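K.L.:
Protein sequences, first through last, are from chains A, B, C and D. Position 343 of the first sequence, counted from 1, bears residue number 343 in my numbering, the numbering being contiguous throughout. Position 163 of the second sequence, counted from 1, bears residue number 163 in my numbering, the numbering being contiguous throughout. Position 32 of the third sequence, counted from 1, bears residue number 32 in my numbering, the numbering being contiguous throughout. Position 226 of the fourth sequence, counted from 1, bears residue number 226 in my numbering, the numbering being contiguous throughout.
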Amino acid sequence: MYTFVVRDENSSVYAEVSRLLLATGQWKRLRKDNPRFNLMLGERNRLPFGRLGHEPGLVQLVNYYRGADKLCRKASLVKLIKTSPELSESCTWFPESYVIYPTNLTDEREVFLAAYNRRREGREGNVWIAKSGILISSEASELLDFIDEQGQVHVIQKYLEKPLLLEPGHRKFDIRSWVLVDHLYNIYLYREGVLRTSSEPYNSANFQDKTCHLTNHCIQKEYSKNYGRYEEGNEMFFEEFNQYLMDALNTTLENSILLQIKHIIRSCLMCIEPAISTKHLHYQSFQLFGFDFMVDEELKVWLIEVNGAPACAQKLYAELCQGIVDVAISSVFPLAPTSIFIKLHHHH
Amino acid sequence: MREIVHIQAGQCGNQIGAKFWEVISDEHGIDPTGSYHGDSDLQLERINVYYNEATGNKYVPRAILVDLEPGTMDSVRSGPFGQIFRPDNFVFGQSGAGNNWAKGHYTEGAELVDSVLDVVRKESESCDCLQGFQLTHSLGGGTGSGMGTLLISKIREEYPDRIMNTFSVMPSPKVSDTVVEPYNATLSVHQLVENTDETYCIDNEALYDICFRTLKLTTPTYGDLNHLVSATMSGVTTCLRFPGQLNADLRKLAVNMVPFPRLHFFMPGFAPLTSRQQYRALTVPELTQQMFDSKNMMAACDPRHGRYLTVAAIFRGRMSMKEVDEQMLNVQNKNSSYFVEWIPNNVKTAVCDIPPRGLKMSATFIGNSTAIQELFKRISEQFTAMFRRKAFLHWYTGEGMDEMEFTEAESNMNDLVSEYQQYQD
Amino acid sequence: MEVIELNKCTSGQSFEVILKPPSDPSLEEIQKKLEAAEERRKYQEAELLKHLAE
Amino acid sequence: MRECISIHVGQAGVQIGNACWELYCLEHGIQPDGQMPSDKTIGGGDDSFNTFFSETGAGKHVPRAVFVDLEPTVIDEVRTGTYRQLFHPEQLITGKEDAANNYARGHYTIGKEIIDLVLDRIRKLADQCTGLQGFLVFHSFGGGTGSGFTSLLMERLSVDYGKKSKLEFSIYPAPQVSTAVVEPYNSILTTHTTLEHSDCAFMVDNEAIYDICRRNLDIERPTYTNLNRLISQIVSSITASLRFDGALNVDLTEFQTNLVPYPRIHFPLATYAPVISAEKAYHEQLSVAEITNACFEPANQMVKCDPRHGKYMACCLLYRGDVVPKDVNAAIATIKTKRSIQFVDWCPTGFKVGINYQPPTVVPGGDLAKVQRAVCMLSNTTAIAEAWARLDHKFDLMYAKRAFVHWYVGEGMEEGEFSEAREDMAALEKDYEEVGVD
Ligand SMILES: Nc1nc2c(ncn2[C@@H]2O[C@H](COP(=O)(O)OP(=O)(O)OP(=O)(O)O)[C@@H](O)[C@H]2O)c(=O)[nH]1
Ligand SMILES: Nc1ncnc2c1ncn2[C@@H]1O[C@H](COP(=O)(O)OP(=O)(O)CP(=O)(O)O)[C@@H](O)[C@H]1O
Ligand SMILES: Nc1nc2c(ncn2[C@@H]2O[C@H](COP(=O)(O)OP(=O)(O)O)[C@@H](O)[C@H]2O)c(=O)[nH]1
Ligand SMILES: O=C(COC(F)F)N1CCCC2(CC2)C1
Ligand SMILES: [Ca+2]
Ligand SMILES: [Ca+2]
Ligand SMILES: [Ca+2]
Ligand SMILES: [Mg+2]
Ligand SMILES: [Mg+2]
Ligand SMILES: [Mg+2]
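#1: Consider the C-beta atom of C:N7 and the heavy atoms of ligand 10; say whether any pair is separated by less than 7 Å.
#2: Show which residues of chain B have a CB atom less than 8 Å away from the CB atom of C:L34.
#3: Measure from the alpha carbon of A:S12 to the alpha carbon of each residue in A:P337, A:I219, A:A318, then state which is nearest.
#4: Distance, Cα to Cα, A:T106 vs A:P274?
#5: I'd like to check one pair, B:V340 with B:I16: are the Cβ atoms closer than 8 Å?
#6: Which runs of the alpha helix (DSSP H) spanning at least 4 residues fall entirely within the segment 94 to 154 of chain B, listed in chain order?
#7: Does any C-beta atom of chain D lie closer than 8 Å to the C-beta of B:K348?
#8: Listing by chain order, which chain D residues have their CB less than 7 Å from the CB of C:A37?
#9: Buried or exposed for A:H213, going by 16 or more other Cβ atoms inside 10 Å?
#10: Taking D:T73 as the query, report the chain B residues whose CB atoms sit under 8 Å from its CB, ordered along the chain.
#11: Just to check my reading of the structure: A:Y227 and A:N234 have Cβ atoms closer than 8 Å, yes? What is that Cβ distance to the nearest angstrom?
#12: Quick check: is any heavy atom of ligand 10 less than 7 Å from the C-beta of D:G143?
#13: Of all the residues that make up the segment 94 to 108 of chain D, which are near chain B by a beta-carbon distance shorter than 8 Å?
#14: Have a look at D:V182 and B:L135 and give me their C-alpha separation to the nearest angstrom.
#15: Along the chain, where does the alpha helix (DSSP H) that runs through D:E420 open and close?
#16: From which residue to which residue does the beta strand (DSSP E) around A:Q287 run?
#17: Throw me the rounded Cβ distance for the D:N249 and D:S241 pair, which I believe falls under 8 Å.
#18: I want to verify the contact list: residues of chain B whose CB lies under 9 Å from the CB of C:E54, in sequence order.
#19: Between which residues of its own chain and A:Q157 is the CB-CB distance below 7 Å, once the five residues before and five after are set aside?
#20: CA-CA distance, D:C213 and D:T225?
#21: Which runs of the alpha helix (DSSP H), 4 residues or longer, sit entirely within the segment 301 to 340 of chain B?
#22: Among B:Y423, B:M401, B:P80, B:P261, which has the Cα closest to the Cα of B:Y338?
#23: Just how far apart, CA to CA, sit A:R118 and A:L344?
#24: Between B:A299 and B:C211, is the Cβ-Cβ spacing less than 8 Å?
#25: For A:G233, which of helix, strand or coil comes out of DSSP?
#26: Which one or two residues does DSSP pair with D:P63 in a beta bridge?
#27: Pull the bridge partners of B:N368 from the DSSP assignment, please.
#28: Where do the ends of the alpha helix (DSSP H) carrying D:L157 lie?
#29: Candidates A:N45, A:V5, A:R46: which alpha carbon is nearest A:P35's?
#30: Report, in whole angstroms, the separation of the C-beta atoms of D:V344 and D:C295, which I expect to be a contact under 8 Å.
#31: Excluding sequence positions up to five away, which residues of its chain have a Cβ less than 6 Å from the Cβ of D:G134?
#32: Taking D:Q285 as the reference, give the member of D:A270, D:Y24, D:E414, D:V371 with the closest Cα.
#33: Report the residue from D:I30, D:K311, D:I355 whose alpha carbon sits nearest the alpha carbon of D:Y83.
#34: Per DSSP, what kind of secondary structure is D:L269 in: helix, strand or coil?
#35: Rounded to whole angstroms, what is the Cα-Cα separation between residue 431 of chain B and C:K50?
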């Protein structure tokens, strides 16, 4: 009889996993403070990794990799890419980025201004976006003044000025890919991705209205007036987006976009494997990731950010959650296909 | 040289204590005349914990037999091992106690208690370093109950910093001598709450139901019940009478089993308990499943009605100690809802290579469970059923007691129950 | 990757490797604490004997 | 030459001490009778081994050790053991009844009556020293003696030997080899009153030694003899510099200098390799880089934690056997390019290396196989704070209910000393996070 605890009541995802576990009639849920557990669906912040793997006779498994925050943080990712030799500073799938600490607090302010002035003199598009509360602007003075107004670390990166727009609509979009890494450090990619499309026509002469620029499901559902017009919940799934790429562009989602996505997921996760691997550890880790990509009018994929506690599309909770029980939990605590994942083999 | 002084008081106290020395004397190789005839030096390693060494390599138990009537003790002296007990250690009167707590505690008992302390002092003065005392007695009678608790009160006065342990038989109407047993039991429980470090609660109803349902004894006797207590008493004292990586003295066991001074009442358990299919080998999983099963519990309390504060199991015989740890960690991690989460690792296990006579391997269970409150709840209800009508009170008022003293015992135990309740949520 | 202070002897040797430059209670006070707890024991035991005397 | 007086308190300290001096004798070539054929200077000499052994005119080499236990069962083994002849009866001190796992008992009740006798016997060893360096105190966290009486001896040693250094070898409490439930209380109590009296403390978690015995030595249920024969290997590696010719960690002061930049953070993590089962017909011998690479595997750490998620403050590599500096630097280079070794910006990113050409000595009939080369890494990472977290948490679970507190108060301790001890650990855990996390 396997036992688990729940310490993140907000996790819509693992809320379903915990639901499926009990459905098997073989997983018993304990109080969140009961240290005699097999599986910890742990909290987001300040998860007590140091207390794991110290119970005699219990093989303990947790749903967060200790140290993955280096990849799921705005500033940490920029530092990781610029400093890591595996990714190098010349990484061709991550927009030019800079860490900018607010002046009321190393910092890459001058390093940022140098590239900015170079672009201004070169007649090239000099539109950047600051975030950590997001600001889009083409004047460097505005981006820095906004970060100083705040008190937290911000990151300034190049704003993709030639984004691929879906027709009809002439509208921006992003692609979410869920990626599951099990205890053996295999990289499994969910066959089902979602496009959170903007229901507004992309306008390049006005970054003030961040409705046609920010494809966030909450912004399109709060500050957009065409929400849910072309696709339900501003969410186009791989089936449709694939058929579109063929009819309009005469290419497939696999060749034009997925190969690059599968290559970006690999390079990022493999880069940090020696730092977060639980191969020879007294406990075992696995985690679900949400990668967000941008696609330009040249069919080139760019990495926006990585989410460590990602939510799933309403239509894909049952399939993915159960899949998280098959390859993540049951692979360590089996019960007495046609996989819904894509194993990205690599060298460990 | 951490000696233990044993005292047995009253009919039940002496009949059980008799079989106890009969059991361990066999395990240590001490024949009915005190001479050693074993074959393993492990028998003698800690032999001096319960025996003295006379001249000629004779081993004499360190026990003091006490009763207010000669009858019971006369039987022991004529019984199997009666010749092994020190003659001076027989301290008895002639009036009897009449199943009256007041007579054992205040009148008859008070006249004989000073002379029992004379023998206790004499046994202690011979100890290199006295661990503490252990009393065996019933609570429903008059001598073991009334005079026993008077003995503890005076032993704790002359030895305030020694461990006081008791095997206490709890009365039950299903296995009753007289209707005043709840009165005597309620009066003793308050004494034990104060002046004992560990009390092993032994319910006569549990012993009876085990003999009828599990052991398949059509008509159980007091002898039949005493077999189970003998085996249990031998089991709990295994970590004391033999060598092991434990190094457990009475005070060390108390420090790790009693998280609160008043909640020091334990539920013992034994396994196996086979009916005569008695030669079959019992596996480690079977020993464990039974040892934690309530039908093997001797307090007549369902542990699944409360939570374990601490648990201590002893395994005897040649068996995979690895497999032992596996099953123990399987019991806890399969029913963690019954162990308090605020005492980390409150379940400990010891192994012993010498099994009891006639068993390839066994397991003795010692649990400090909040479910024990159900026992005191029984006694309290039977006490109040009569006391509200003042039934049978004349026996006690005639011996010098007052009704006020009864009301206090009533409350002092209801408090005890209430204390067990808060730690159960 | 530098080696500094290399010392060799018959039974071994020792050296340093720099990979990157950087960026009581008196005796009286204890007797009191010891005796303080001894007094709290004697007071606790007095209340026990006072209890038994009653 | 300066002397080192070892002190062993409680069962764990006494038995570990027995296993170490058994090893010291095999290493230095001393027989059970205290005779040392190679020592050409009889009854005297200022050699490197004389820091741990004195010499009688009869040529006997007597450890500079004191064994103390509030109960005589454990120390009676030394009196009639194999090396019963090494010690004279004055070196072995025993009591009548122990502390029953009650810190308050070993410190106050019982310790008050025996403290002045232990110091007197130690003074007898000091009087045989021409320049006493310090003391090596071996004890356990969970025992009432090891925890309770140790902290009292440390306070008194700081008074009678103000300028002498004091290192510790402490046993961290592990449920798999313990029957005590109150060990968290004792540990947090003894660390509080000992913190400002110990200059450097090597913690060994039985949980770690236990798994190393099951994993490497194929021992299904290891005993204390197994756990101790292995710990005396690590202790040997850490004390070798004091007992052999050399230049690294030549005196007890160098331990505080090379390993403890901050006073309170005086708990270096220890990693050892290789540990090879002797029952293996023949093992392929590991290289300098492979054994050095193992020093960053959590498997062979004396305290299970993830150094990757901390910051190193210092780092010592102690090699024994066939090791030349060239190989060490080669392995280090490759390890830096593959491992996550984050140092603190206010500390050099470097490694001190010691090499002794005599490979690890193996006890005949022991569990460990003879290897050609082995290493012990003493690294001071903030990751060892994981240990304090586990312990402090168990303390909080019980103390929230005052469970078992009546036993301590009953022996004269005040309840305030509990929270006062706990609040110090809350400060200790804070000093570690300020130094490591960003
Ligand atoms: N590694 C190792 N640990 C031991 C050894 N002996 C005891 N321990 C550990 O020590 C802890 C208990 O402390 P003890 O040394 O037994 O207690 P003590 O110092 O003798 O003090 P008392 O309570 O008075 O007996 C437990 O966690 C044991 O696991 C040993 O020989 N080796
Ligand atoms: N450099 C860039 N170029 C183009 N668009 C960008 C961009 N940076 C951000 N965006 C827009 O912002 C959105 C992503 O914002 P970001 O992910 O940084 O904020 P967030 O993390 O709070 C939302 P999420 O839930 O995806 O994590 C995308 O829809 C994208 O259209
Ligand atoms: N288990 C057991 N219980 C007994 C035995 N004899 C009496 N009792 C119980 O003890 C109580 C009677 O007390 P008893 O010892 O006879 O009175 P005392 O001699 O004055 O102490 C009753 O509840 C009986 O059920 C016995 O041999 N074995
Ligand atoms: O004193 C009592 C009362 O016993 C009662 F409390 F259970 N006796 C019982 C009736 C016979 C006796 C001689 C007078 C002894
Ligand atoms: Ca009379
Ligand atoms: Ca010499
Ligand atoms: Ca000092
Ligand atoms: Mg985000
Ligand atoms: Mg009777
Ligand atoms: Mg001890």
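Beta carbons are placed, not taken as given, at the ideal position from N, Cα and C, and that holds for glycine.
P.N.:
Put simply:
#1: The closest heavy atom of ligand 10 lies 7 Å or more from the beta carbon of C:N7.
#2: The contacting residues do not exist; C:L34 stays about 18 Å from chain B at best.
#3: Comparing Cα positions, the closest option is A:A318.
#4: Taking the straight line from one Cα to the other gives about 24 Å.
#5: B:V340 sits away from B:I16, with the two beta carbons spaced by 8 Å or more.
#6: For the segment 94 to 154 of chain B, whole alpha helix (DSSP H) runs of length 4 or above, ordered along the chain, are 101 to 105, 108 to 124.
#7: Output row for B:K348: interface = yes.
#8: For the C-beta of C:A37, the chain D residues within less than 7 Å are, from N- to C-terminus, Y108, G412, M413.
#9: In this structure A:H213 is buried. Its beta-carbon is surrounded by 16 or more other beta-carbon atoms within 10 angstroms.
#10: Chain B residues near D:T73: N247.
#11: Yes, A:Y227 and A:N234 are in contact; Cβ-Cβ is about 6 Å, under 8 Å.
#12: True, at least one ligand heavy atom lies under 7 Å from that Cβ.
#13: If the cut-off is 8 Å between Cβ atoms, the segment 94 to 108 of chain D has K96, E97, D98, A100, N101, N102 near chain B.
#14: When the Cα atoms are used, D:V182 and B:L135 turn out to be separated by approximately 27 Å.
#15: In this chain, the alpha helix (DSSP H) harbouring D:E420 covers 416 to 436.
#16: For A:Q287, the enclosing beta strand (DSSP E) starts and ends at 287 to 295.
#17: That belief holds up - the Cβ atoms of D:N249 and D:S241 are roughly 4 Å apart, short of 8 Å.
#18: Residues of chain B whose Cβ lies closer than 9 Å to the Cβ of C:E54 do not exist; the shortest such Cβ separation is about 11 Å.
#19: Once the five neighbours on either side are set aside, the close Cβ partners of A:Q157 are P95, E96, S97, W128, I129.
#20: Approximately 11 Å, taken between the alpha carbons.
#21: Taking 4 residues as the minimum length, the alpha helix (DSSP H) runs contained wholly in the segment 301 to 340 of chain B are 321 to 332, in order along the chain.
#22: Ranking B:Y423, B:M401, B:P80, B:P261 by Cα distance to B:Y338 puts B:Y423 first.
#23: Cα-Cα distance, rounded: 39 Å.
#24: Taking a C-beta distance under 8 Å as the contact criterion, B:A299 and B:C211 do not qualify as a contact pair.
#25: DSSP places A:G233 in helix when its eight states are reduced to three.
#26: Per DSSP, the beta bridge partners of D:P63 are D:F53.
#27: Beta-bridge partners assigned by DSSP to B:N368: B:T310.
#28: It spans 144 to 160 - the alpha helix (DSSP H) in which D:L157 sits, taken as one unbroken run.
#29: Ranking the options by Cα distance to A:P35, first place goes to A:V5.
#30: Your pair D:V344 and D:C295 does not check out as a contact, with CB atoms roughly 19 Å apart and the cut at 8 Å.
#31: Apart from sequence neighbours up to five positions away, the residues of its chain that approach D:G134 with a beta-carbon distance below 6 Å are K164, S165, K166, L252, ordered along the chain.
#32: The candidate whose alpha carbon is nearest that of D:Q285 is D:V371.
#33: Ranking D:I30, D:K311, D:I355 by Cα distance to D:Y83 puts D:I30 first.
#34: D:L269: strand per DSSP, three-state reduction.
#35: Absent from the model: residue 431 of chain B. The displayed extent of chain B is 1 to 425, so no value can be given.
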